[PDB]
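One chain is shown next in structure tokens, namely the form solved without its partner chain.
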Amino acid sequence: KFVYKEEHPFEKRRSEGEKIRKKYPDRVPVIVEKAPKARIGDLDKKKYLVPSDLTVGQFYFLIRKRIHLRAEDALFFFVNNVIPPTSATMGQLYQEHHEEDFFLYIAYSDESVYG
């Protein structure tokens, strides 16, 4: 699924995730990747340290800005093949869906179905 989980071992990732969770307790570490069937531009950076109070909608906006996305262009986030509620906080999403390496993984696509 995510290339970050393949390009980096589980043990390395888990150690870094704990380190970040203990040093930046008010923040959530998020790995962000483009879904395969997605026909939008890619994000140079994939790792984001985001305030646990940041919302899905705020994150939509920042990512739109960061890949030079027009408003006519669509963008969807997927957390485990499911579009997160835009009212949700990144912290709540982490509490519920952080993997065992202590990162939150999010895909993005131009389509409403992951692929």
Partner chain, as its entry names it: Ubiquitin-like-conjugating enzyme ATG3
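Residue numbers count along the first chain shown, from 1. Shifts are known only where both forms have a C-alpha. Rigid core: the largest C-alpha set superposing within 1.5 Å between the two forms.
Not pictured, yet referred to below: the form solved in complex with its partner chain.
- Though the partner is left out of this view, residue 2 does not reach within 4.5 Å of its partner chain in the deposited bound form, counting heavy atoms only.
- Annotation for residue 26: C-alpha shift under 2 angstroms between this form and the one not shown, rigid core superposed.
- Relative to the superposed rigid core, the position of the CA of residue 72 differs between this form and the one not shown by 2 Å or more.
- Shifted segments between this form and the one not shown, defined as at least 3 consecutive common residues whose CA atoms all move 2 Å or more after rigid-core fitting, occur once only, at 70 to 72.
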